[PDB]
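Participant: To start, I am sharing the structure in question, which I have written as structure tokens.
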Amino acid sequence: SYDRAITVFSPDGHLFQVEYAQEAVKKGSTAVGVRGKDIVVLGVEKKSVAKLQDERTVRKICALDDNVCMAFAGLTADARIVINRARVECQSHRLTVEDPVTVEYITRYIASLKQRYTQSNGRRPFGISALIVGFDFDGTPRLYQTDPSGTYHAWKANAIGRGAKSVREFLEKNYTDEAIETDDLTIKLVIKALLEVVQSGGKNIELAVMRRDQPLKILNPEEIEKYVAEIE
Amino acid sequence: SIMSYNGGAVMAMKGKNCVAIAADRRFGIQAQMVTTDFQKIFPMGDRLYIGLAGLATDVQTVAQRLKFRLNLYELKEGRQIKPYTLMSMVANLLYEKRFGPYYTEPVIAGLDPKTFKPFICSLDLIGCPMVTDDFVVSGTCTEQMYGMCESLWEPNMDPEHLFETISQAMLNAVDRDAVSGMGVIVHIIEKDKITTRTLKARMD
Amino acid sequence: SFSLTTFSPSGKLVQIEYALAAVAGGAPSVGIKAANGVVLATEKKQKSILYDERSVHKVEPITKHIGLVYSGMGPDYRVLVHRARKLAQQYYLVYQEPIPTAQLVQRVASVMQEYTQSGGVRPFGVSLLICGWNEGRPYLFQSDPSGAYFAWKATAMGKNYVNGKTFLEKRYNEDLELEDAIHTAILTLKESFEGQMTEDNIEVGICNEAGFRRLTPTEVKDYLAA
Amino acid sequence: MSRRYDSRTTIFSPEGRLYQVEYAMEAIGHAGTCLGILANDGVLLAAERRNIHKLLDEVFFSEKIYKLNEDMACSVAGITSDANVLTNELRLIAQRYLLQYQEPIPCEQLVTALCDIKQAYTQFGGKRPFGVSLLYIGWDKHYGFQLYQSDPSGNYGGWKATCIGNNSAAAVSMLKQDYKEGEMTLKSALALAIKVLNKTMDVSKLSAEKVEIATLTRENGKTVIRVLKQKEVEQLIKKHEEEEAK
Amino acid sequence: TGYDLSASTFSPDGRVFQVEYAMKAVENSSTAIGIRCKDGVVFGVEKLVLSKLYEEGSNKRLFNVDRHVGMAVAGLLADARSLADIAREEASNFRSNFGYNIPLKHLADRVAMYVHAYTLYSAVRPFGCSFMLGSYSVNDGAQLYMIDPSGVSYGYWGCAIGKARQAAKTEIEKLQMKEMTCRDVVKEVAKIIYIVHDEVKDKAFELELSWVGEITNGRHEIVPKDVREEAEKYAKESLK
Amino acid sequence: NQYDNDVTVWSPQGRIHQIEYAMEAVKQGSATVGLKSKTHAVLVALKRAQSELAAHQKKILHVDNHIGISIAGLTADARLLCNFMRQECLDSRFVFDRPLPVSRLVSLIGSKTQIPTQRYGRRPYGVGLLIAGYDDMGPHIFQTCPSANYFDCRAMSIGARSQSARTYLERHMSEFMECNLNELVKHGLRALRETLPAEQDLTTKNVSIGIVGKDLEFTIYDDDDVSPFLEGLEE
Amino acid sequence: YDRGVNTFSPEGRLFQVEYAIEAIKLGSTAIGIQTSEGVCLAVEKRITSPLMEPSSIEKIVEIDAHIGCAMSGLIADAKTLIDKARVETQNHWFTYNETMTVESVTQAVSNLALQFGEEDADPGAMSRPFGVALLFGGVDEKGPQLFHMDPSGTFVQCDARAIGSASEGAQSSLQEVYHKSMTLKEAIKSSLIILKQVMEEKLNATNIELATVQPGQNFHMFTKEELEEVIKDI
Amino acid sequence: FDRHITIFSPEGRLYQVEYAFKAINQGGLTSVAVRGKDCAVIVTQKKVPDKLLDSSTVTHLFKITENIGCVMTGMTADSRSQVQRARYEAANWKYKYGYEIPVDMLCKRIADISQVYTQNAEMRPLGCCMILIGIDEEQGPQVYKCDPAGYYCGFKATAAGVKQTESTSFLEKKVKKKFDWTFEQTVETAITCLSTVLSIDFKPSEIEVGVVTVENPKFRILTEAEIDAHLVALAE
């Protein structure tokens, strides 16, 4: 087999391999997500295709379970492996425990994989950063972000991909108790969070929402334009 | 034994340029009967079929591994498999599992994929291929099915005779058996087409 | 335990690019598919008169209906003989039939694909010509070090293959008899090989309805009348 | 052992990309020009043959066009050796699917199954990645007629029309311009491939031998796939032969 | 040039430098000699005194492989102690299988298989010590073989290894060692080492002798203190 | 240059520089000294604290009732051999119901030390081990090396600034055999004086010892019982 | 890159491990405290944005009722070690039916840290050392015990040890203020004074986390009640 | 880079394998062998650097099986390794197929073992060429030579070592005359070859001569006393 260390230290202590991994995270498309009041909403920009691609495989907003969904920004390659093996854990947790999955329980097992891939022999750190968001028991939503390094955080409003820091500046300034008040204001905030990094993109914004007991629902392009129609 | 657990029977015959296959539809557990709608014969593609009897589990199991390895051979080579070649596949498949053997009595009948040339054969519980150009019978009523066949079998008969022949064969034979009966499916394999008929038998 | 084959900035495979460069630096080899049979002609060059000719042959049979030739590193061809022969027997176990030419060369080239991928193993420095007869259809295939097998009515390889292909652009016609195709391949190697032309230096074999049969130097001497 | 000669594909560039994957896309561009079209009546597939010689034979059904299963097929542009590895793995995944559910595998499921194997070597193992780009056609019970394109990095996506290999920038540009979305079907849109394959080929007088065309259409509840007759494709080119005059 | 960076890489002149360096590592070791005669095989080892703090008998270079097989080593000491256990476990597996003591020709050959196995790959390194394997049996008699970093067996009537080698080998050639008896061999072995070593870098040393042959009843045995000092006094005649 | 990369590469002078630098790391740390008489053996370990707020590191690792060891070198590298040495001593009394001989244990430890050396990819152990033990033949002082070499010594001082310590040990070596347990500790602690500069010399706080004897099992003393051991001695 | 992991330096040091201890200088400043009446550990959360929740991030977690934790540098490296540390801790009570001593906690962690290696091992082994500086406190029948651990893997009983970026001047400052019998409440005082001085941000209940362990009171995580009191009682 | 390990050179060569060919040549020993009508003879240089060395302890003629002899030329480190590995094969042949291994398959299996050294980059080629002899009931005397690259072929007259170039020339001069093949007179040709090249007139202990015959399929080593008889008495 192939056995050697990949990521090694540096004279300044920083990790060459891991920093280049987070660099590829920023090179990907811009994805955003927020934790609403009674709901959760995800969104990601779409590079504009010209009259070709099908939106079934292109959709970057997936669902790990009925309780928890996710989005990703980075290399599309490593994203599909995490989505598959996380859904396995969701069914394995229900197989082991009759109680449903917990957003914090599933999130840690995800980022824990990327930590294993970093320190394992011959493996590689992923170039993806995923937003794990879902509903806990009693209906309390939770939004967590992963890291190629294996850490995970908690975020009320979050933005990933290209210009993630630029949108985060719009977040911290315009995020207040006025934000994510209602299902409408939560979605309009996600749209406005994608309006800074958009250059003549227009309709390219696609949205998704999960409402209480119901599972992730994809807003139709016309339903998206309904909330996009109000800008000024 | 376990071969008589689910019962059932499969019969196949050969005409001049054509071959015939018929089997009972009964599915049950020992003395208890369950349903008469079971299918013991599966299509192998053009001009080829395979019958199965014995334990009903291995009938639905081993037959599923067929099209698995069959398609892989049909995808690599641009031709369909020969019935003489398919016989070696089932005999090799049973002898990978030989140690804790599947329960079934395969029946293979068809034509030369090359043209019109007919070929028939049957296998054994342990996977021994056996080539008989006359007829093959398998099941719990086997000993009862022989005398009917061998008496009414002839080397060369048109599809018209094969209709009544294997029919009258199955009818009186399957009668004396307790665990076989209640509907019969008949498959007739011609050169340019295939005839499939249903027989009216005593419900017992 | 690591594969040394990497992608060049132009996209080419550097290790396999030099693999064929070793094949072109070997002895010339040609083949022709015409009429009911396929001929393969190779040139065996010793380093002196002190080495036995009949001891080691370049033309080797695989099965009854299939045979192979080569130009390149000698020892690398001996590995393929064991793996091709053993593969054909594993075929005869399952399907109880002789192996077709298309099925053989496929998985034989897969061995080339494995060692251009699995780590710690260099690619092959050989290129083989595939000769087979199945169901009345003559089969002449050409394999490379990378593992890509094509179909050819006629082909030339080894040394001076450019002039060998030029001869096949003219001397090779259709509806050509197998016997005339043998003498045609001799005219192709007439310019390439120099010095003393004998029946022991040239090694020719054919495959037809009767199966793959290697030719003896006595029979070749009659075929050298041109 | 000799870490001096270890290329370490898993290492990221200072630009945040992969060395081998970036050079893999260029190697695909050197290959032959291949295109595909998703229409209403079915899928359309056409491929140029860059190998041109008087001694060529091609005893097989087609060169760059292969049949995955009953309901699906594929094309290829890239390294010709690693294509047979991916073709076999697609036939293994599709048949292992038939074991459990006893049903034909949908188009999207078979594509994403191999792409996990493609990028598994870029994730670890130290073995070189695959330089093969594959086009996917077929029909499934739900989504119906589908056309898919794959990349050597493991990424993929759906496409209504696309092109792979040489002349990718010119062909795809010429494709979109006249492409009729959900409108122009097999009969009509088959004339576009011949029109595009003549423009993509720098040598004039497009020959029916230098190209290959195969279609897949499900009719009367049965999937039908065939390789178009070269004698008819010539007459299909005879259409394009009279197109510039009239 | 970088051609010496690994043992798996051959020199453009067709040499293996890593194995040659292992022979040069033996040249750093102290001088050790051995001689075989009719009665048996006699061993000797120069034991360098690095400091007075060492206990008498410390840094023992005489290894007991088996009942009839002794060994003396020159090179890296731990590499010899590691191989000594390999040879002991090998001779033990022999008697556990075939039910008798392994002959010297068989043991030295299988040990050389382990020595050369480490010269083949790039994942390991050759042994940095060259050693001698003596044996005595009523079926054979006095037998002496030598293994090198390349793992090759060399039989010798008399031989020398360590730093000073060629000088001690010539002195052995000046006198026939086969006619003499083990009682008189320890006299010359002691006299040679006094001639081999002079005081320049190292300060003091001691004589370590070993006996195998008929006098030891076919068993590897160290020299007794009484006879050793007696042979040294006869060797001090050349010093005075 | 290019010969320092790994253990397998030999220098043109026939020397492995990785093993050479393995012996250098031993000189980079606390200096310990030990000695044996005809009856009792003592291991004097010098405990060093990084700062005054942090306490002193533990240089003594208890092995068995008849066996003890002091460590000088890279700290945590001795933990692997510790748990191994303890497991080997337990397996001896678990099977033979007998304490493993001191000379036989070190021969087995020197084997596990040498195995990773020649095999590429395995780091050689960069910690030196001074081990003592008592048996029917009396006490024993065995000093080891990262090269896996081990000797038998009356007294030995290893570590940084051990030069003047060894010189003290050589001249007084004749007394080390005939002195009793009390005088062994005295001259053993005064030997530790030469391992440190003229400013900070010795205290009962930073110096711990251990002893093994005829009827006395190996014990470890740190502060309490060490105070009367040090005091009453001229330096 | 032109060097190995286990390659020795001419000065007798490891290239790999030396940069480990060199890497921990970028971590978060944290200090442990050992008092006669109990053990006290504090850590700076170092929150990079108000949207990031300081309550979810925990650099002090409960292994056993006696033993706490500390984290610095890369957070996930500590989480990997604490996971197996909590498994072997319950494996102790699963056998001996008693709480694991503070010493046996670090012995299990020191074994897991020393196993670092690449070749001649399984893929499930950790290849590179952790960039975390560990502080394991606790109180048992033996009394309060606080241990320090670095990427080397050693554990030593110490009254107070500073970790993180400010560990240079903090460890010398912890020496000066802490002496003799100084207890819990008096320790929190000098703790929050030195920490607030070295870190950039001002002291707040949500900017740092604090927890203590006592002989009679097991590990108790300070909520908004206890945190807001000790910051204004400084 | 290509000059160190085994990878394809830009010209198609293999330098790791070619530097091995110079390693066999580096041994400083020249070996010759000639296949006669009824016999096959091997004559190699037997060197004794010091008188303290012993004769029977160092020998270049090894026995793979009873009916097959073996001679080795190169650095002796690689010499003993192949012979033990060859005996693990020739003996295994009888455990499976139940008869003495032919010289054809013995050279094929040993080559395959050497072919892995070239194909697998983890290992290295071996620095000794192997010349295997023997006899079969069909082709009679068999003489093959296996290089570390893995190539082997039937050689009527073969040579190796530093003088291989000059040795091959004199072997051609004898065969060019259609030299009549008899047992002992062929033994002269192999000995006179090395005798005329170096211009020495070797002593009986300076050469090592193996023999195999139709009458004696078991490999034998020519006695040094019989060597002296056919050196001095017959130089003619």
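Ligands are numbered from 1 in the order shown, residues from 1 within each chain, and chains are lettered A, B, ... in the order they appear in the structure tokens.
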Dump as a ChimeraX atom specification the residues of chain C that approach chain B to within 8 Å, counting only C-alpha atoms.

Facilitator: /C:94-97,102-103

Participant: Taking only C-alpha atoms into account, report as a ChimeraX atom specification which residues of chain C lie within 9 Å of chain D.

Facilitator: /C:1-12,102,106,109-110,112-113,116-119,139,146-155,168-169

Participant: Could you give me, as a compact mmCIF listing (two decimals) with C-alpha atoms, in the first residue's frame, the residues within 6 Å of stretch 115-124 of chain E, counting only C-alpha atoms and dropping anything in the same chain fewer than 6 positions from it?

Facilitator:
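Saved the output as result-v2.txt:
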# COMPACT_ATOMS: atom_id res chain seq x y z
CA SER E 8 19.77 -0.46 -4.55
CA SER E 150 28.13 -8.72 1.73
CA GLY E 151 27.13 -12.02 3.34
CA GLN F 118 18.36 -0.96 10.54
CA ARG F 119 14.71 -0.85 9.36
CA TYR F 120 13.99 2.40 7.53
CA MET H 123 14.17 -4.24 -5.47

Participant: Find the distance between atom CA of residue F:131 and atom CA of residue F:116 and write it in Å to one decimal.

Facilitator: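 Pair atom CA of residue F:131 / atom CA of residue F:116 returns 21.0 Å.
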
Participant: Report as a PyMOL selection string the set of chain H residues whose atoms approach chain E to within 10 Å, with distances computed over only C-alpha atoms.

Facilitator: chain H and resi 1+3-6+15-27+50-58+75-81+84+121-127

Participant: Excluding stretch 128-131 of chain E and any residue of its chain fewer than 5 positions from it, enumerate the residues within 6 Å of it, using only C-alpha atoms, and give them as JSON, numbers by chain.

Facilitator: {"E": [22, 25, 26, 72, 73, 74, 75, 76, 147, 148]}

Participant: Can I get the selected residues back with N, CA, C and O atoms, as a short mmCIF file (atom, residue, chain, number, x, y, z; two decimals), in the first residue's frame?

Facilitator:
data_model
loop_
_atom_site.label_atom_id
_atom_site.label_comp_id
_atom_site.auth_asym_id
_atom_site.auth_seq_id
_atom_site.Cartn_x
_atom_site.Cartn_y
_atom_site.Cartn_z
N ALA E 22 30.04 -0.33 4.57
CA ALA E 22 29.92 -1.24 5.70
C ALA E 22 31.24 -1.97 5.96
O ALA E 22 31.59 -2.24 7.11
N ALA E 25 33.23 0.47 7.67
CA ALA E 25 32.82 0.56 9.07
C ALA E 25 33.53 -0.49 9.92
O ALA E 25 33.82 -0.26 11.10
N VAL E 26 33.81 -1.66 9.33
CA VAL E 26 34.58 -2.68 10.03
C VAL E 26 36.02 -2.23 10.23
O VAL E 26 36.67 -2.61 11.21
N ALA E 72 33.14 -14.72 17.03
CA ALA E 72 33.84 -13.50 17.39
C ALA E 72 33.54 -12.44 16.34
O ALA E 72 33.56 -12.71 15.13
N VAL E 73 33.26 -11.22 16.80
CA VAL E 73 32.72 -10.17 15.95
C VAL E 73 33.66 -8.96 15.96
O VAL E 73 34.31 -8.68 16.97
N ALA E 74 33.72 -8.26 14.83
CA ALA E 74 34.42 -6.99 14.72
C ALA E 74 33.54 -6.03 13.93
O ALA E 74 33.25 -6.27 12.76
N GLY E 75 33.13 -4.94 14.57
CA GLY E 75 32.25 -3.97 13.95
C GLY E 75 31.41 -3.28 15.00
O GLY E 75 31.78 -3.22 16.17
N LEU E 76 30.26 -2.76 14.56
CA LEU E 76 29.28 -2.24 15.50
C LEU E 76 28.81 -3.37 16.42
O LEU E 76 28.38 -4.43 15.95
N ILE E 147 32.19 -14.39 7.65
CA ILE E 147 31.11 -13.70 6.96
C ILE E 147 31.47 -12.22 6.90
O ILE E 147 32.06 -11.67 7.84
N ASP E 148 31.11 -11.57 5.80
CA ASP E 148 31.43 -10.16 5.58
C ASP E 148 30.15 -9.35 5.46
O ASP E 148 29.05 -9.93 5.48
#

Participant: Which neighbours of residue D:42 fall inside 10 Å, counting only C-alpha atoms, when residues of the same chain fewer than 4 positions from it are skipped, and could you give them as a PyMOL selection string?

Facilitator: chain D and resi 37-38+137-139+144-147+185-186+215-219

Participant: Write a file of the just-selected residues containing C-alpha atoms, as a PDB file, in the first residue's frame.

Facilitator:
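Output file out_22.pdb is given in full below:
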ATOM      1  CA  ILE D  37     -27.124  16.051 -27.794  1.00  0.00           C
ATOM      2  CA  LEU D  38     -30.168  15.429 -25.588  1.00  0.00           C
ATOM      3  CA  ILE D 137     -26.568   8.648 -22.376  1.00  0.00           C
ATOM      4  CA  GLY D 138     -29.582   6.489 -21.663  1.00  0.00           C
ATOM      5  CA  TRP D 139     -33.102   6.351 -20.267  1.00  0.00           C
ATOM      6  CA  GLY D 144     -36.229   9.636 -18.814  1.00  0.00           C
ATOM      7  CA  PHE D 145     -33.802  10.696 -21.525  1.00  0.00           C
ATOM      8  CA  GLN D 146     -30.577  11.954 -19.940  1.00  0.00           C
ATOM      9  CA  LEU D 147     -27.188  13.250 -21.079  1.00  0.00           C
ATOM     10  CA  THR D 185     -35.275  16.014 -32.278  1.00  0.00           C
ATOM     11  CA  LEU D 186     -33.169  13.084 -33.513  1.00  0.00           C
ATOM     12  CA  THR D 215     -28.416   6.712 -30.968  1.00  0.00           C
ATOM     13  CA  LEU D 216     -30.540   5.258 -28.171  1.00  0.00           C
ATOM     14  CA  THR D 217     -34.342   5.459 -28.141  1.00  0.00           C
ATOM     15  CA  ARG D 218     -36.909   3.559 -26.075  1.00  0.00           C
ATOM     16  CA  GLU D 219     -39.896   2.531 -28.193  1.00  0.00           C
TER      17      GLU D 219
END

Participant: Pick out the chain F residues within 9 Å of chain E. Count only C-alpha atoms. Give them as a ChimeraX atom specification.

Facilitator: /F:2-3,7-15,107,110-111,114-115,117-121,147-156,166,169-171,173

Participant: Could you dump the residues just selected with C-alpha atoms as a PDB file, in the first residue's frame?

Facilitator:
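Final file, part-v8.pdb:
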ATOM      1  CA  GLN F   2      23.415  14.101   1.663  1.00  0.00           C
ATOM      2  CA  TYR F   3      24.435  11.249   3.999  1.00  0.00           C
ATOM      3  CA  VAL F   7      19.969   5.584   9.175  1.00  0.00           C
ATOM      4  CA  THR F   8      20.404   3.262   6.177  1.00  0.00           C
ATOM      5  CA  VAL F   9      22.816   5.568   4.334  1.00  0.00           C
ATOM      6  CA  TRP F  10      26.411   4.928   5.393  1.00  0.00           C
ATOM      7  CA  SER F  11      29.076   7.618   5.391  1.00  0.00           C
ATOM      8  CA  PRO F  12      32.221   7.073   3.287  1.00  0.00           C
ATOM      9  CA  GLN F  13      34.012   6.607   6.626  1.00  0.00           C
ATOM     10  CA  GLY F  14      31.544   3.871   7.609  1.00  0.00           C
ATOM     11  CA  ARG F  15      29.483   5.778  10.177  1.00  0.00           C
ATOM     12  CA  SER F 107      19.858  -8.189  26.629  1.00  0.00           C
ATOM     13  CA  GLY F 110      18.869  -4.051  23.761  1.00  0.00           C
ATOM     14  CA  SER F 111      17.206  -6.300  21.188  1.00  0.00           C
ATOM     15  CA  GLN F 114      18.308  -2.433  17.822  1.00  0.00           C
ATOM     16  CA  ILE F 115      15.416  -3.777  15.715  1.00  0.00           C
ATOM     17  CA  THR F 117      17.542   0.896  13.763  1.00  0.00           C
ATOM     18  CA  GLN F 118      18.357  -0.962  10.536  1.00  0.00           C
ATOM     19  CA  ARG F 119      14.714  -0.847   9.359  1.00  0.00           C
ATOM     20  CA  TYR F 120      13.990   2.402   7.526  1.00  0.00           C
ATOM     21  CA  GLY F 121      11.104   4.551   8.735  1.00  0.00           C
ATOM     22  CA  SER F 147      23.002   2.535  19.365  1.00  0.00           C
ATOM     23  CA  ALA F 148      21.683  -0.364  21.568  1.00  0.00           C
ATOM     24  CA  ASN F 149      25.176  -0.997  22.985  1.00  0.00           C
ATOM     25  CA  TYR F 150      25.174  -1.782  26.700  1.00  0.00           C
ATOM     26  CA  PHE F 151      28.122  -2.294  29.043  1.00  0.00           C
ATOM     27  CA  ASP F 152      28.775  -3.409  32.621  1.00  0.00           C
ATOM     28  CA  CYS F 153      30.291  -0.731  34.853  1.00  0.00           C
ATOM     29  CA  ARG F 154      31.283  -0.176  38.463  1.00  0.00           C
ATOM     30  CA  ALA F 155      30.267   3.486  38.172  1.00  0.00           C
ATOM     31  CA  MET F 156      29.162   5.576  35.212  1.00  0.00           C
ATOM     32  CA  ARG F 166      33.731  10.508  35.422  1.00  0.00           C
ATOM     33  CA  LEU F 169      34.489   8.287  39.631  1.00  0.00           C
ATOM     34  CA  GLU F 170      37.718   6.772  38.296  1.00  0.00           C
ATOM     35  CA  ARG F 171      40.002   7.886  41.130  1.00  0.00           C
ATOM     36  CA  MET F 173      36.367   3.701  42.028  1.00  0.00           C
TER      37      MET F 173
END

Participant: I need the alpha helix (DSSP H) residues of stretch 4-218 of chain A per DSSP on the backbone, written as a ChimeraX atom specification.

Facilitator: /A:16-27,55-58,76-96,103-119,164-174,183-193

Participant: DSSP on the backbone: which residues in stretch 11-218 of chain E end up as strand (DSSP E or B)? Give the answer as a ChimeraX atom specification.

Facilitator: /E:32-36,40-49,54,62-64,69-75,129-135,143-147,153-156,158-161,204-213
